[PDB]
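Same order as they appear, the protein sequences are chains U, X, B, C, R, V and L. So the first sequence is residues 2 to 92, counted in this note's numbering. So the second sequence is residues 6 to 428, counted in this note's numbering. So the third sequence is residues 6 to 105, counted in this note's numbering. So the fourth sequence is residues 350 to 399, counted in this note's numbering. So the fifth sequence is residues -14 to 35, counted in this note's numbering. So the sixth sequence is residues 421 to 470, counted in this note's numbering. So the seventh sequence is residues 3 to 46, counted in this note's numbering.
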Amino acid sequence: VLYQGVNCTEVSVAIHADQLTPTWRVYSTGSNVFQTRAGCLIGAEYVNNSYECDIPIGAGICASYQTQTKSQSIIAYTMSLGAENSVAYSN
Amino acid sequence: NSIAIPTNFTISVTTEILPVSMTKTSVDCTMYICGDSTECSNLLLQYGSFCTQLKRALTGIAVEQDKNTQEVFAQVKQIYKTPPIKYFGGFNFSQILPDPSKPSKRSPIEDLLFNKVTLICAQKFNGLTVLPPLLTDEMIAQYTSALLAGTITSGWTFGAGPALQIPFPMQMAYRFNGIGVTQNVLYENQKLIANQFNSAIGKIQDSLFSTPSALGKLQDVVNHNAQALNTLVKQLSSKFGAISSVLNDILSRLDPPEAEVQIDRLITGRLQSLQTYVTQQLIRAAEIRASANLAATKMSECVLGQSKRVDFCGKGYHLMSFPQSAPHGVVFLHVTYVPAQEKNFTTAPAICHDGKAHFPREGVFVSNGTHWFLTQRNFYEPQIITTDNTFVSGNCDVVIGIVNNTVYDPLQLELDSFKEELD
Amino acid sequence: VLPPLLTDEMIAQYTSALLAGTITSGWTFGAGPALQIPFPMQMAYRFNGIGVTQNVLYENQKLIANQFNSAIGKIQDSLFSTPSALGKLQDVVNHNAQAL
Amino acid sequence: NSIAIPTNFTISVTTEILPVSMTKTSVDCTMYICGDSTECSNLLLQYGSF
Amino acid sequence: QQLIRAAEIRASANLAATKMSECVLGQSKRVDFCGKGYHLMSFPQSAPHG
Amino acid sequence: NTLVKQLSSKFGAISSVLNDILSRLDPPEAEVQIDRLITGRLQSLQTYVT
Amino acid sequence: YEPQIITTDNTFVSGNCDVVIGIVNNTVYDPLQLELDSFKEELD
Ligand SMILES: *[C@@H]1O[C@H](CO)[C@@H](O[C@@H]2O[C@H](CO)[C@@H](O[C@@H]3O[C@H](CO)[C@@H](O)[C@H](O)[C@@H]3O)[C@H](O)[C@H]2NC(C)=O)[C@H](O)[C@H]1NC(C)=O
Ligand SMILES: *[C@@H]1O[C@H](CO)[C@@H](O[C@@H]2O[C@H](CO)[C@@H](O[C@@H]3O[C@H](CO)[C@@H](O)[C@H](O)[C@@H]3O)[C@H](O)[C@H]2NC(C)=O)[C@H](O)[C@H]1NC(C)=O
Ligand SMILES: *[C@@H]1O[C@H](CO)[C@@H](O[C@@H]2O[C@H](CO)[C@@H](O[C@@H]3O[C@H](CO)[C@@H](O)[C@H](O)[C@@H]3O)[C@H](O)[C@H]2NC(C)=O)[C@H](O)[C@H]1NC(C)=O
Ligand SMILES: *[C@@H]1O[C@H](CO)[C@@H](O[C@@H]2O[C@H](CO)[C@@H](O)[C@H](O)[C@H]2NC(C)=O)[C@H](O)[C@H]1NC(C)=O
Ligand SMILES: *[C@@H]1O[C@H](CO)[C@@H](O[C@@H]2O[C@H](CO)[C@@H](O)[C@H](O)[C@H]2NC(C)=O)[C@H](O)[C@H]1NC(C)=O
Ligand SMILES: *[C@@H]1O[C@H](CO)[C@@H](O[C@@H]2O[C@H](CO)[C@@H](O)[C@H](O)[C@H]2NC(C)=O)[C@H](O)[C@H]1NC(C)=O
Ligand SMILES: *[C@@H]1O[C@H](CO)[C@@H](O)[C@H](O)[C@H]1NC(C)=O
Ligand SMILES: *[C@@H]1O[C@H](CO)[C@@H](O)[C@H](O)[C@H]1NC(C)=O
Ligand SMILES: *[C@@H]1O[C@H](CO)[C@@H](O)[C@H](O)[C@H]1NC(C)=O
């Protein structure tokens, strides 16, 4: 679940204070809460590996469902734009 | 019988500034209309799917804005890099290529473009939010850099298959052939062409810096979107004929039946304000989509190719183009060949030699008043009229305005200087 | 209704300038300075542009000029005799009048 | 192994008609809604920046 | 309705300007862009609103 | 699908069915309730056409 | 890629060897001289 436009601190406080209007709660461990520019993403593990964009989130960040070290989960990543190719330019 | 032919040329660089995307907004229909009011929300539920339709329309627009940006910029299969040594035949691209020393790898021109056009939801918040773009400015800069590296190191080959490296001066020589100017013109004048190019780029920086209206096209999009949200917020202040514009005062002072009537009047006013906002956003989005489609077409045809469409890729004969990113849009630098310093020459449709009519294969016959020469059309370069330069069809009695001149044949000319001894 | 900024006479003047440029200089004027060229040579280059050699035009210059002049006369007869020919522009006028 | 090739040609002139502009209208919002009426105008102001 | 029809007119005007540049100020290789047949040249004429 | 669905909305009216409004209420109150439904349905058609 | 021998029919000549940057030295073959030198090759 992506809470758009807000800080993860504000959301965490709202859950502990029971101040949010939605009555459901997403289980949090703190390892699956990632702050993006789009908002606070709870329920996905951010990884350093860049992949082709699958489910867009915003501000460069996409998410997908993949097996993590053999166990599958939703992960977030900064999308890859393409393979890098340095052209062998010379005179 | 008079033709004018350029004896010189100018390399000109012009800017074309196009919107690609617009601000992606999202509106909470209930919160906008019914600000923390249970009675208002319950009344709002009786009007139907209007809030759903408004949500879908704005979602569709936001998706379209990401599609427009991706289609304009994500036209390169791979992220290309320039070589470590930025030597391209004497052509200085330092003002279009990313500057590696900055926190954001943008060109000097891109820095200018981003500086001239201007999580706290500080602006116009009443249940109205703004979503970020899917691609960040850094990602757009990376696509632009990849396109520049591809064009500079491989010309148009990267846009129709694998990138094939070519020396830059040979790429330009082929672009010259593309506009009808032979390769020797560029090679003989390579320093002049490179100097005119570098001067034109410096002029681009001065033009964009000193003329604030150049980027008005992108600023207007921002300003129009700001006005729409500003207006939408202002619409909450209006009474629309109700006893009060404040929903809490209606519920506080009046009994339920009359309060519901006054609330229904406010609901009508706010809901119509949202429908007006969304309709205007759909019309503006269609305009932006058309602009984005034009920008993508000019990316494919001007940057990843060479275009023979007049004025499509700038004024003059098109040689090449370079993209630069800008907030909510793209700026194309179009490099064209402009004829200069023309001279008056006498011409003729054909040369009459032995009764046969000789026509140019690739050129125009000209005279300086005493001698006839064949020249290329876009650059004065007199050549001897020979049987290789011309072709023969018909005779001297059909072509109107044919002139009498000697067409030289090398083979019968050299036979004359080789076999004269007859032994 | 507000009047247009460019009057019908000014639009006619721009059209005239465009016709004079194309007729006396071909495409050289669109790309920069206008360079004079004899009209039959402009046509010779246009024929070469479509893959037909220059001698076809010069050998048949009188035929081509006559076909052109006849085609223009036919344009006048077509526009004169077919009131629906300009419907696209009339519809715009009708759409605005109807809306008001 | 059969190809057809023209032996003659025709020069053809055709017309293309395109709209360029439309009538530039201007509407006096107050006169249309509340023409020559102060009492009506004072209610029209309460509907926002219409 | 005026904004939607203005957008239609703008698209038409953009097409007319494109044709002016590619058909009148040049010679086009685009099939059927500048009439039927192989394009040689074009001439503009003024018309009301177009 | 949305436009037909809009026929079930009340838009502030007592009921979405014109026959129930006419059968339960006196003429002038029924006319008020009908105008409420007419405004809602007409707005729905204007939205559809736009 | 389809390599062919560089000849006076495949190339054109303009200017001398000093103005072009990066010019290389190679033989350009002229078919006509080789035959014509052959036409008077035995001088009989
Ligand atoms: C490509 O063109 C740019 C200019 O558009 C060149 O950048 C300029 O390089 C000079 C050094 O050569 C920089 O320093 C200058 O030094 C002189 C020394 O007298 C000083 O008087 C100047 O005030 C300046 O400090 C100059 O700042 C720099 N300009 C920019 C805008 O970067 C670049 O060197 C050219 N590259 C090639 C390969 O030709
Ligand atoms: C075609 O036009 C170009 C200009 O676009 C001509 O090149 C220009 O020639 C003038 C005079 O030869 C140069 O001016 C001189 O520059 C030196 C620089 O040190 C200065 O000391 C002199 O006092 C004078 O100002 C000008 O710089 C040069 N421009 C470039 C970009 O090279 C070219 O000669 C023309 N060719 C023909 C055949 O007409
Ligand atoms: C290619 O087609 C053109 C027509 O587009 C041919 O030219 C036409 O030839 C006919 C017969 O020679 C001409 O008709 C005659 O015209 C005279 C005019 O005085 C009249 O007295 C005769 O009774 C008859 O009607 C026709 O006018 C002429 N058209 C033009 C525009 O010149 C041309 O011969 C064709 N060429 C080939 C190789 O097929
Ligand atoms: C037209 O061009 C020819 C060729 O350049 C000119 O004749 C040459 O003039 C130079 C002097 O500038 C002489 O050294 C050459 O020997 C001349 N060649 C021939 C074949 O005559 C000719 O003078 C030019 N005419 C005009 C009016 O400029
Ligand atoms: C080009 O040369 C031809 C001859 O090769 C000229 O034709 C002659 O013109 C004279 C003019 O007095 C006539 O008396 C001859 O009978 C013509 N002979 C032939 C075979 O046609 C022709 O006039 C010349 N054209 C120009 C423009 O000088
Ligand atoms: C191509 O061959 C010419 C000779 O035919 C070379 O020119 C000579 O270069 C040497 C370099 O040291 C000079 O000392 C000679 O005086 C030059 N002679 C002439 C006639 O120019 C030329 O350098 C060669 N080019 C390449 C690229 O190898
Ligand atoms: C290309 O030529 C320039 C000339 O200044 C030289 O500095 C550069 O190293 C050359 N590059 C290669 C790959 O030879
Ligand atoms: C969230 O709040 C903390 C302070 O509580 C701040 O340091 C951080 O930058 C904020 N993050 C965003 C994305 O605004
Ligand atoms: C060509 O000659 C005409 C004669 O009137 C003159 O006006 C024109 O400027 C000349 N053009 C050039 C390039 O010399």
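Beta carbons: idealized from backbone N, C-alpha and C, even for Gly.
{"query": "Under 7 Å, CB to nearest heavy atom of ligand 2: contacting residues", "result": "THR12(X), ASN13(X), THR15(X), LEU197(X), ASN200(X), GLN201(X), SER204(X), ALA345(X) and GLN346(X)"}
{"query": "Beta-carbon contacts of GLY246(X) that lie in its chain and below 7 Å, excluding the five residues immediately before and after", "result": "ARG270"}
{"query": "Short-range partners of chain U found in the segment 155 to 170 of chain X, where Cβ spacing is below 7 Å", "result": "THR158, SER159, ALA168 and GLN170"}
{"query": "The segment 76 to 89 of chain B touching the segment 350 to 370 of chain C, judged by at least three CB pairs closer than 8 Å", "result": "yes"}
{"query": "Cβ of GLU53(U) within 9 Å of any chain X Cβ", "result": "no"}
{"query": "Three-state class that DSSP yields for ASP96(B) in the structure shown", "result": "helix"}
{"query": "Assigned secondary structure, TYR52(U) (DSSP; H/G/I helix, E/B strand, else coil)", "result": "coil"}
{"query": "Closest by C-alpha distance to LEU10(R), when choosing among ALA32(R), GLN(-13)(R), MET26(R) and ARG(-10)(R)", "result": "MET26(R)"}
{"query": "Option nearest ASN12(L) by Cα separation, candidates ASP393(X), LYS72(X), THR411(X) and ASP316(X)", "result": "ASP393(X)"}
{"query": "Contact under 9 Å by Cβ, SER278(X) with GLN240(X)", "result": "yes"}
{"query": "Where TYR413(X) falls, given that 16 or more other Cβ within 10 Å makes a residue buried", "result": "exposed"}
{"query": "Within 9 Å of chain R by C-beta, residues of the segment 303 to 321 of chain X in sequence order", "result": "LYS313, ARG314, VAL315, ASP316 and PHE317"}
{"query": "Interface residues of chain X facing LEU38(L) [CB-CB closer than 9 Å]", "result": "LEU416, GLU419, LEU420, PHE423 and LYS424"}
{"query": "Secondary structure of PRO38(B), DSSP reduced to three states", "result": "coil"}
{"query": "Coarse secondary structure for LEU49(X), derived from DSSP in three states", "result": "helix"}
{"query": "Inter-residue Cα distance where the pair is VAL15(L) and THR351(X)", "result": "25 Å"}
{"query": "Whole-number beta carbon distance between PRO103(X) and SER112(X), since they are thought to touch under 8 Å", "result": "6 Å"}
{"query": "Cβ pair count under 8 Å reaching 3, the segment 295 to 313 of chain X against the segment 325 to 337 of chain X", "result": "yes"}
{"query": "Residues that DSSP places opposite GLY319(X) in a beta bridge", "result": "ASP316(X)"}
{"query": "By C-beta, the residues closer than 7 Å to any heavy atom of ligand 7, given in chain order", "result": "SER91(U), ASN92(U), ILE90(X) and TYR92(X)"}
{"query": "Spatially closest choice to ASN6(X) from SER46(X), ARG180(X), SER330(X) and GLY406(X), by CA coordinates", "result": "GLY406(X)"}
{"query": "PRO23(U) at chain X interface by Cβ criterion, 9 Å", "result": "no"}
{"query": "Reduced DSSP category for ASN394(X) - H, G, I as helix; E, B as strand; rest coil", "result": "coil"}
{"query": "Supposed contact pair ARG382(X) and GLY368(X) - C-beta distance, whole angstroms, cut 8 Å", "result": "7 Å"}
{"query": "Under 7 Å from the C-beta of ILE366(C): neighbouring residues of chain B", "result": "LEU91, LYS93 and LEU94"}
{"query": "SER65(U) versus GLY83(U), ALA45(U) and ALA15(U), residue with shortest Cα-Cα distance", "result": "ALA45(U)"}
{"query": "Candidates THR141(X), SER54(X) and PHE202(X), of which the one nearest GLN100(X) by Cα", "result": "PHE202(X)"}
{"query": "Residues that DSSP places opposite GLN329(X) in a beta bridge", "result": "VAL336(X)"}
{"query": "When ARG180(X), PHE55(X) and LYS72(X) are compared against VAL25(X), the one with the closest alpha-carbon", "result": "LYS72(X)"}
{"query": "Option nearest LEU299(X) by Cα separation, candidates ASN47(X), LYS129(X), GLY334(X) and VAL266(X)", "result": "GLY334(X)"}
{"query": "As assigned by DSSP and simplified to three states, the class of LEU234(X)", "result": "helix"}
{"query": "Residue range of the beta strand (DSSP E) that includes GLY40(U)", "result": "40 to 43"}
{"query": "The segment 377 to 396 of chain C in contact with the segment 46 to 59 of chain B per 3-pair CB rule at 8 Å", "result": "no"}
{"query": "9 Å Cβ cutoff met for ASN189(X) and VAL22(L)", "result": "yes"}
{"query": "Beta-carbon spacing of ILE66(X), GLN311(X) below 9 Å", "result": "no"}
{"query": "Span of the beta strand (DSSP E), counted from its first residue to its last, around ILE366(C)", "result": "Counting along the chain, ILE366(C) falls outside any beta strand (DSSP E), and DSSP gives it neither H nor E."}
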